file coords-v2.pdb (PDB, C-alpha atoms)
ATOM      1  CA  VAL S 314      42.562  73.915  43.903
ATOM      2  CA  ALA S 315      46.151  74.241  45.243
ATOM      3  CA  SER S 316      45.056  77.506  46.980
ATOM      4  CA  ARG S 317      42.255  75.782  49.020
ATOM      5  CA  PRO S 318      44.481  74.792  52.043
ATOM      6  CA  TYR S 319      45.548  78.499  52.191
ATOM      7  CA  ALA S 320      41.996  79.973  52.117
ATOM      8  CA  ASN S 321      41.219  82.823  54.583
ATOM      9  CA  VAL S 322      37.619  83.932  53.676
ATOM     10  CA  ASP S 323      34.390  81.923  53.428
ATOM     11  CA  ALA S 324      33.338  83.121  49.926
ATOM     12  CA  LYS S 325      34.327  85.173  46.841
ATOM     13  CA  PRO S 326      32.698  88.692  46.529
ATOM     14  CA  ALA S 327      29.339  89.035  44.742
ATOM     15  CA  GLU S 328      29.211  91.065  41.493
ATOM     16  CA  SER S 329      29.446  94.787  42.468
ATOM     17  CA  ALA S 330      29.583  93.872  46.208
ATOM     18  CA  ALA S 331      29.520  97.073  48.315
ATOM     19  CA  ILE S 332      32.532  98.418  50.261
ATOM     20  CA  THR S 333      32.112  99.793  53.829
ATOM     21  CA  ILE S 334      34.922 102.066  55.148
ATOM     22  CA  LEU S 335      35.618 101.620  58.902
ATOM     23  CA  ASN S 336      37.620 104.873  59.365
ATOM     24  CA  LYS S 337      34.670 107.329  58.872
ATOM     25  CA  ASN S 338      36.740 110.000  60.727
ATOM     26  CA  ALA S 339      40.495 110.475  61.255
ATOM     27  CA  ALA S 340      41.470 108.874  64.606
ATOM     28  CA  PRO S 341      44.525 107.679  66.615
ATOM     29  CA  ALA S 342      44.964 103.881  66.649
ATOM     30  CA  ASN S 343      45.326 101.613  69.691
ATOM     31  CA  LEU S 344      47.487  98.645  68.587
ATOM     32  CA  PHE S 345      47.117  94.922  69.426
ATOM     33  CA  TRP S 346      49.276  91.911  68.566
ATOM     34  CA  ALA S 347      50.131  88.303  69.309
ATOM     35  CA  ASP S 348      53.938  87.975  69.680
ATOM     36  CA  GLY S 349      56.249  87.010  66.761
ATOM     37  CA  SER S 350      54.458  88.932  63.934
ATOM     38  CA  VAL S 351      55.769  92.474  64.635
ATOM     39  CA  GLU S 352      59.539  92.761  64.204
ATOM     40  CA  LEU S 353      62.552  95.076  63.916
ATOM     41  CA  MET S 354      65.473  94.054  61.731
ATOM     42  CA  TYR S 355      68.713  95.658  62.947
ATOM     43  CA  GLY S 356      71.767  96.136  60.686
ATOM     44  CA  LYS S 357      75.169  97.904  60.784
ATOM     45  CA  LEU S 358      76.583  99.937  57.855
ATOM     46  CA  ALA S 359      80.311  99.309  57.210
ATOM     47  CA  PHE S 360      81.819 102.630  58.318
ATOM     48  CA  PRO S 361      85.578 101.783  58.007
ATOM     49  CA  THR S 362      87.976 102.127  60.935
ATOM     50  CA  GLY S 363      91.584 103.345  60.247
ATOM     51  CA  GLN S 364      90.559 105.210  57.041
ATOM     52  CA  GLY S 365      90.093 108.928  57.947
ATOM     53  CA  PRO S 366      87.646 109.551  60.893
ATOM     54  CA  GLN S 367      87.257 107.836  64.263
ATOM     55  CA  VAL S 368      84.469 105.192  64.136
ATOM     56  CA  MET S 369      82.928 103.255  67.046
ATOM     57  CA  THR S 370      79.733 101.289  67.840
ATOM     58  CA  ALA S 371      77.090 101.293  70.608
ATOM     59  CA  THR S 372      73.447 100.196  71.081
ATOM     60  CA  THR S 373      70.213 101.786  72.189
ATOM     61  CA  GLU S 374      68.714 100.093  75.304
ATOM     62  CA  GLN S 375      66.037  98.575  72.957
ATOM     63  CA  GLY S 376      68.999  96.804  71.197
ATOM     64  CA  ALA S 377      69.354  98.754  67.889
ATOM     65  CA  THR S 378      73.038  99.214  66.850
ATOM     66  CA  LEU S 379      74.376 102.792  66.493
ATOM     67  CA  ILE S 380      77.555 103.928  64.748
ATOM     68  CA  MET S 381      79.199 107.078  66.133
ATOM     69  CA  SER S 382      81.784 108.664  63.839
ATOM     70  CA  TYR S 383      83.913 111.771  64.434
ATOM     71  CA  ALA S 384      85.891 113.713  61.803
ATOM     72  CA  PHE S 385      88.126 116.633  62.902
ATOM     73  CA  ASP S 386      88.811 119.486  60.454
ATOM     74  CA  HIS S 387      91.955 121.101  61.920
ATOM     75  CA  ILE S 388      91.679 124.172  59.587
ATOM     76  CA  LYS S 389      88.277 125.381  60.890
ATOM     77  CA  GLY S 390      89.077 123.690  64.257
ATOM     78  CA  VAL S 391      85.833 121.628  64.418
ATOM     79  CA  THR S 392      84.840 118.002  64.974
ATOM     80  CA  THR S 393      81.662 116.918  63.190
ATOM     81  CA  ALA S 394      79.936 113.954  64.865
ATOM     82  CA  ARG S 395      77.520 111.671  62.947
ATOM     83  CA  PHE S 396      75.346 109.156  64.798
ATOM     84  CA  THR S 397      73.672 106.672  62.406
ATOM     85  CA  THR S 398      71.531 103.494  62.474
ATOM     86  CA  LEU S 399      70.019 101.026  59.944
ATOM     87  CA  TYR S 400      66.741  99.188  60.719
ATOM     88  CA  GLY S 401      63.585  97.730  59.156
ATOM     89  CA  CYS S 402      60.204  97.439  60.853
ATOM     90  CA  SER S 403      57.930  94.688  59.421
ATOM     91  CA  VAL S 404      54.634  92.854  60.115
ATOM     92  CA  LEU S 405      55.278  89.248  59.055
ATOM     93  CA  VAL S 406      51.728  87.981  59.821
ATOM     94  CA  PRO S 407      49.262  90.942  59.631
ATOM     95  CA  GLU S 408      46.456  88.611  60.915
ATOM     96  CA  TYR S 409      48.272  88.413  64.323
ATOM     97  CA  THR S 410      47.833  92.240  64.577
ATOM     98  CA  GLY S 411      44.768  94.466  64.988
ATOM     99  CA  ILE S 412      43.656  97.991  65.976
ATOM    100  CA  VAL S 413      40.867  99.809  67.866
ATOM    101  CA  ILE S 414      39.771 103.275  66.664
ATOM    102  CA  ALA S 415      37.299 105.444  68.620
ATOM    103  CA  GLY S 416      35.365 108.504  67.285
ATOM    104  CA  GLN S 417      34.709 106.127  64.329
TER     105      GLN S 417
ATOM    106  CA  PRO L 366      93.722 108.413  54.718
ATOM    107  CA  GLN L 367      95.127 104.921  55.270
ATOM    108  CA  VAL L 368      98.239 104.481  53.010
ATOM    109  CA  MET L 369     100.089 101.310  51.832
ATOM    110  CA  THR L 370     103.077 100.717  49.510
ATOM    111  CA  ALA L 371     103.248  97.724  47.087
ATOM    112  CA  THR L 372     105.457  96.558  44.141
ATOM    113  CA  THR L 373     104.357  95.655  40.548
ATOM    114  CA  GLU L 374     105.598  92.805  38.286
ATOM    115  CA  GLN L 375     108.213  95.258  36.864
ATOM    116  CA  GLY L 376     109.377  96.367  40.362
ATOM    117  CA  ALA L 377     107.529  99.735  40.108
ATOM    118  CA  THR L 378     106.112 101.239  43.339
ATOM    119  CA  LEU L 379     102.335 101.362  43.860
ATOM    120  CA  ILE L 380     100.794 103.582  46.520
ATOM    121  CA  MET L 381      97.312 102.503  47.667
ATOM    122  CA  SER L 382      95.335 105.030  49.755
ATOM    123  CA  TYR L 383      91.837 104.849  51.269
ATOM    124  CA  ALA L 384      89.876 107.902  52.490
ATOM    125  CA  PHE L 385      86.461 107.519  54.199
ATOM    126  CA  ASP L 386      84.137 110.554  54.113
ATOM    127  CA  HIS L 387      81.599 109.916  56.901
ATOM    128  CA  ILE L 388      79.179 112.698  55.698
ATOM    129  CA  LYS L 389      79.116 111.446  52.066
ATOM    130  CA  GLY L 390      79.108 107.862  53.479
ATOM    131  CA  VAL L 391      81.774 106.582  50.991
ATOM    132  CA  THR L 392      85.340 105.370  50.894
ATOM    133  CA  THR L 393      87.405 106.605  47.967
ATOM    134  CA  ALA L 394      90.241 104.241  47.000
ATOM    135  CA  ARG L 395      93.247 105.538  44.991
ATOM    136  CA  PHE L 396      95.971 103.354  43.473
ATOM    137  CA  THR L 397      98.867 105.433  42.018
ATOM    138  CA  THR L 398     102.368 105.076  40.480
ATOM    139  CA  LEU L 399     105.068 107.433  39.098
ATOM    140  CA  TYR L 400     107.426 106.367  36.265
ATOM    141  CA  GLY L 401     109.243 107.496  33.099
ATOM    142  CA  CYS L 402     109.767 105.480  29.893
ATOM    143  CA  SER L 403     113.112 106.326  28.249
ATOM    144  CA  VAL L 404     114.889 105.451  24.957
ATOM    145  CA  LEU L 405     118.332 106.952  25.558
ATOM    146  CA  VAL L 406     119.796 105.835  22.182
ATOM    147  CA  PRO L 407     117.020 105.328  19.556
ATOM    148  CA  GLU L 408     119.674 103.737  17.239
ATOM    149  CA  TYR L 409     120.083 100.821  19.743
ATOM    150  CA  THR L 410     116.371  99.992  19.103
ATOM    151  CA  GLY L 411     114.483  98.748  16.026
ATOM    152  CA  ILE L 412     111.129  97.347  14.868
ATOM    153  CA  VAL L 413     109.859  94.850  12.266
ATOM    154  CA  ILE L 414     106.332  95.276  10.841
ATOM    155  CA  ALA L 415     104.750  92.421   8.846
ATOM    156  CA  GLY L 416     101.766  92.891   6.451
ATOM    157  CA  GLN L 417     103.791  95.993   5.346
TER     158      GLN L 417
END
call {"tool": "encode", "arguments": {"input": "coords-v2.pdb", "output": "structure tokens"}}
result
Amino acid sequence: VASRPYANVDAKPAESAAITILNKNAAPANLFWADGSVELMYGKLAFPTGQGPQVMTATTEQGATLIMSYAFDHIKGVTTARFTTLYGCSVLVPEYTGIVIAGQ
Amino acid sequence: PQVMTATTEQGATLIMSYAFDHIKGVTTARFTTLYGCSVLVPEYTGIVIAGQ
């Protein structure tokens, strides 16, 4: 009874109710959403400054934070550069999002 | 690495050093001290043990 305000389908399945697969063939998806469901989390790893290598921060133009870090090995005479980023894509309300597939 | 000097309760020197490896993705932290314990005249020292 406490689930009734949260209902999303008009009835429970019949006994041995058949399943129909929509993706009969492999196909590329066209994606649809209403805003606020599809999200990127952006985070920064704690690469320390002052300890060892040079560390500094930038962003992509889409707003994701990037760490650039440079370590110089003076014996082989080489800097190694690492660019790194931490993120999480999520769909918070998968009802606000749909797809169209052609070729079945 | 980053290096600091500190002093213990006994006045001994601590070195703290921190090294970040950006390929491994870790800091390693080392605390270290150098000392010698000396009993110059083992006749000037004694012990009592109870319970035999």
call {"tool": "residues_around", "arguments": {"input": "coords-v2.pdb", "residues": "residue 358 (chain S)", "least_positions_apart": "6", "cutoff": "9 Å", "atoms": "all atoms listed in the file", "output": "PyMOL selection string"}}
result
chain S and resi 380+397-399
call {"tool": "interface_residues", "arguments": {"input": "coords-v2.pdb", "of": "chain S", "to": "chain L", "cutoff": "10 Å", "atoms": "all atoms listed in the file", "output": "MDAnalysis selection string"}}
result
chainID S and resid 358:368 381:384 393:395
call {"tool": "atom_distance", "arguments": {"input": "coords-v2.pdb", "atom1": "CA of residue 405 (chain S)", "atom2": "CA of residue 320 (chain S)"}}
result
17.6 Å
call {"tool": "axis_aligned_box", "arguments": {"input": "coords-v2.pdb", "around": "region 367-384 of chain S", "padding_each_side": "3 Å", "output": "AutoDock Vina command-line options"}}
result
--center_x 76.6 --center_y 105.3 --center_z 68.6 --size_x 27.2 --size_y 22.9 --size_z 19.5
call {"tool": "atom_distance", "arguments": {"input": "coords-v2.pdb", "atom1": "CA of residue 319 (chain S)", "atom2": "CA of residue 336 (chain S)"}}
result
28.5 Å
call {"tool": "closest_residue", "arguments": {"input": "coords-v2.pdb", "among": "L:379, L:413, L:372, L:408", "to": "residue 396 (chain L)", "atoms": "all atoms listed in the file"}}
result
L:379
call {"tool": "atom_distance", "arguments": {"input": "coords-v2.pdb", "atom1": "CA of residue 409 (chain L)", "atom2": "CA of residue 376 (chain L)"}}
result
23.7 Å
